[PDB]
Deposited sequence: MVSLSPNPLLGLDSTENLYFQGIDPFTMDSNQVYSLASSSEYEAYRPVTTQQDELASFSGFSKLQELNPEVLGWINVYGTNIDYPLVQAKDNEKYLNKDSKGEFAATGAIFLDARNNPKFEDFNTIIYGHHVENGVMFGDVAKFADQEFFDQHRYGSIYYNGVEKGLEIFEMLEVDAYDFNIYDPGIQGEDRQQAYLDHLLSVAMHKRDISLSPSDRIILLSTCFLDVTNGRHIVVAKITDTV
């Protein structure tokens, strides 16, 4: 969760994200034009609504040479690790919501089919979803519609030049 006090000491922190049993514990921050050498920080795409109102919200973890990394994201490429980490939580705008992971994929960093945040319109959201699922490296079948809200958590793929790792989660109640 995250405090009314944490935000007094750190006003740039708009929320917090956790995936159970992993090292994905991080404050959420947003900059314009895309404190935390310890811990690390995850950035919302500058085009997304900071209160997670958008259909798809894309959040970034930047690997830094010797500082923080996001090693657990890439571990979702393993069948077992993917099967066993399903749930997490996210705090934003004063509220705590659950997260249910449904997909991991690997893509190139300039794949705009995937990195197009804040898509609007039912049939258009459905087409984005349909493609996203079709290129999954792992996925689980859950109840998914435009009406829901999802999050793409994206980080560097070292093995590859311009490669990225993504886990995708649905935002849920409780």
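When the deposited sequence is numbered from 1, the segments without any C-alpha atom are 1-58, 93-102, 243.
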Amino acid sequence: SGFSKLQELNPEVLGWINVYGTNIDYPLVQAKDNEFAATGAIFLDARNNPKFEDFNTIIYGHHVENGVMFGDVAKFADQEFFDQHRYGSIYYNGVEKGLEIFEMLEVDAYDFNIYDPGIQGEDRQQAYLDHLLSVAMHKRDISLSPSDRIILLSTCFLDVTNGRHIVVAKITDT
From here on, numbers count along this sequence of modelled residues.
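Taking only CA atoms, the mean B-factor in the PDB entry is higher for 68-76 than for the other of 93-101 and 68-76. In this entry, 35-43 shows the higher mean Cα temperature factor of the pair 35-43 and 137-145. Of the candidates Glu53, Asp130, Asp108, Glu122, the one whose C-alpha carries the top B factor in the deposited record is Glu122. Taking only the listed residues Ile166, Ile17, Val160, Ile150, the entry reports the highest CA temperature factor at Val160.
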